[PDB]
Amino acid sequence: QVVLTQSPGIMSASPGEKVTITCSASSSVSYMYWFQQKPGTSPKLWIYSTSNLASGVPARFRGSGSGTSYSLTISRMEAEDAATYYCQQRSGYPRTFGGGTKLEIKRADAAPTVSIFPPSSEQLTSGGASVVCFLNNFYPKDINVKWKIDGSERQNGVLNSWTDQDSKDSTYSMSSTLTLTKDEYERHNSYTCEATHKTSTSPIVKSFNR
Amino acid sequence: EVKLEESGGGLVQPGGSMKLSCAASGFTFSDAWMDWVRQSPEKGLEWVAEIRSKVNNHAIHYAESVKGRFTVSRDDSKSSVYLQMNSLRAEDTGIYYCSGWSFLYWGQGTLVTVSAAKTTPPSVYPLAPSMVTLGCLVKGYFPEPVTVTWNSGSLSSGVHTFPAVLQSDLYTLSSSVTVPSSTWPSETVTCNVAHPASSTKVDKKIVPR
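Protein sequences appear in the order of chains L and H.
Position 144, counted from 1, in the first sequence is what PDB author numbering calls 144; the numbers after and before it change by one each time, with no gaps.
Heads up: the second sequence runs through residues 1 to 129, 137 to 216, numbered per PDB author numbering.
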């Protein structure tokens, strides 16, 4: 089985910039094929037989390469080009795909908007207490969340989730849920989430008291 | 135009079987090689099976991971391709695409979930505190997917729906919405949660504490 390694795994670019993504095969193949995928939809054939543009693919794109080394080049990127691109070989069986190169949009830095939410009355009735923190609309994507209960750091019981880049404003969001039993939750007074992001030297701190 | 209409997906326990069907139209099916491709976070895109055209003897190849367990077939008179999946494992979970004319055409995909976990409707909880952020917590459901909208989709901007996370054999997801703080609670904000697998359709108003 031919292994396809794509580089980079992930990158960002501003519209107008040249973008080159590469696919390296473990053994030589006659042709490379490329597919575009956007979240929530199927892959679309993008380039076939190394260098042929599929119908509808704009001229900005160019496929090239030979042997074990192939490339997909965007001469001048457009915002609509933000997607994951997969290479694929069909030089024998199994057909294989590279791991994808995710092309994201470069934008200005943005501080997270942080919001903390107590457990709802209805959840408490069930014997549960989820405290939720949203870290919304920040750039770039790296962020840390810390939970504190009565001022003391809480690790364990934390469910973290990260969005893909927002198609509107090009930012990232994160949700963090601390789940306790109702009994533990009522044992404590203050609940705090702290976001650390490169936009500030000091954490953004939102809290509530029971 | 070309349509590849997949069906037969869903939830099955390990060791179980599923049969996927793909009804094709808009191209000469008898000339087309057809393929199944699956997608998961862990393994990305994986070719599953190929079945060639009549002139190419309907020759069949499988990924080694499915050899002996999956059977691809086609019915040219019904312009349809099939994938019989036996002895299912957890790692067979993913979106299965029908692919036509050697990867030129792709279906929308059908989700196949292989787990011992039973179908469970979500518990939907409101998250209440110049803009105000609100939310809903969609907890303890299985299988995927859930859809979340706000005010029946009319609140389309300001919205982040976070990928679900599987813990304790149950998924949990959250969604946030931002509205002008002057408008809440005076104007009602409602999250609408649908979980087709359990035929769940619920509207949760966000009420102040």
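Built from N, CA and C at the ideal position, the CB exists for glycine as well.
Taking CB atoms only, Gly-99 (chain L) has a neighbour in chain H less than 8 Å away. Exposure of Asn-56 (chain H) is indicated by the presence of fewer than 16 other C-beta atoms within 10 angstroms of its C-beta.
Judged by beta-carbon spacing, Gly-94 (chain H) lies within the 8 Å limit of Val-112 (chain H), meaning their Cβ atoms are closer than that value. Rounded to the nearest whole angstrom, the CA to CA distance from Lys-43 (chain H) to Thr-196 (chain L) is 31 Å. A Cβ-Cβ separation of about 5 Å places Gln-6 (chain L) in contact with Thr-101 (chain L) under the 8 Å criterion.
As the crow flies, the alpha-carbon of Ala-108 (chain L) is around 10 Å from that of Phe-138 (chain L). Excluding its 5 nearest sequence neighbours in each direction, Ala-204 (chain H) has C-beta neighbours in its own chain below 6 Å: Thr-119, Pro-150, listed in chain order.
In the DSSP assignment, the residues bridged to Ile-10 (chain L) are L:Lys-102. In the same chain as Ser-102 (chain H), and ignoring 5 residues on each side of it, the C-beta atoms closer than 6 Å to its own belong to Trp-33, in chain order. In the three-state scheme derived from DSSP, where H, G and I count as helix and E and B as strand, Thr-140 (chain H) is classed as strand. Between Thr-84 (chain L) and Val-2 (chain L) a beta carbon distance of about 20 Å is seen, past the 8 Å cut, so the two are scored as non-contacting.
Going by DSSP, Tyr-93 (chain L) is part of no alpha helix (DSSP H) at all; its letter is neither H nor E. The closest CA to that of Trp-147 (chain L), considering only L:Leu-180, L:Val-57, L:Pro-58, is found on L:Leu-180.
Put simply, the CB of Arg-95 (chain L) is near chain H, with a gap under 8 Å to one of its CB atoms.
Listed along the chain, the chain L residues whose CB falls inside 7 Å of the CB of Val-172 (chain H) are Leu-159, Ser-161. The Cβ of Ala-63 (chain H) sits closer than 8 Å to at least one Cβ of chain L. Within chain L, no residue has its beta carbon less than 8 Å from that of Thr-110 (chain H); the closest one is some 11 Å off. Residue range 172 to 181 is occupied by the beta strand (DSSP E) that includes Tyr-172 (chain L).
Legend: CB atoms of the stretch 8 to 36 of chain L lying less than 9 Å from CB atoms of chain H belong to residues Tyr-33, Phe-35. Contact between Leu-4 (chain L) and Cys-23 (chain L) holds: their C-beta atoms lie close to 5 Å from each other, under 8 Å.
DSSP places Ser-121 (chain L) inside the alpha helix (DSSP H), whose first and last residues are 121 to 125. The CB of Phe-27 (chain H) never comes closer than 7 Å to any CB in chain L; the least such distance is about 13 Å.
Segment contact: the stretch 24 to 41 of chain L against the stretch 10 to 28 of chain H, fewer than three CB-CB distances shorter than 8 Å; contact not assigned. Of all residues in the stretch 145 to 163 of chain H, the ones placed with a Cβ closer than 8 Å to any Cβ belonging to chain L are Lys-146, in chain order.
In this structure, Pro-15 (chain L) sits near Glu-78 (chain L), with a CB-CB distance shorter than 8 Å. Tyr-31 (chain L) sits in coil when the DSSP states are folded into three classes, being neither helix nor strand.
The criterion of a C-beta distance shorter than 8 Å is not satisfied by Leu-135 (chain L) and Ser-167 (chain L). Counting the other Cβ atoms within 10 Å of the Cβ of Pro-112 (chain L) gives 16 or more, which makes it buried. By the beta-carbon neighbour count (other beta carbons within 10 angstroms, threshold 16), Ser-42 (chain L) is buried. Taking the Cβ atoms as the reference, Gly-16 (chain H) lies roughly 15 Å from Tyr-96 (chain H), outside the contact range of under 8 Å. Distances from the alpha-carbon of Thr-154 (chain H) to those of H:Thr-71, H:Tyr-82, H:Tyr-178 put H:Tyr-178 closest. Collapsing the DSSP output to three states places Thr-119 (chain H) in coil. Rounded to whole angstroms, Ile-51 (chain H) and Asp-31 (chain H) show a C-alpha spacing of 11 Å. Under DSSP, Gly-65 (chain L) forms a beta bridge with L:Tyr-70. At least one C-beta of chain H is nearer than 8 Å to the C-beta of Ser-173 (chain L). Within 10 angstroms of the beta-carbon of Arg-187 (chain L) lie fewer than 16 other beta-carbons, which makes it exposed.
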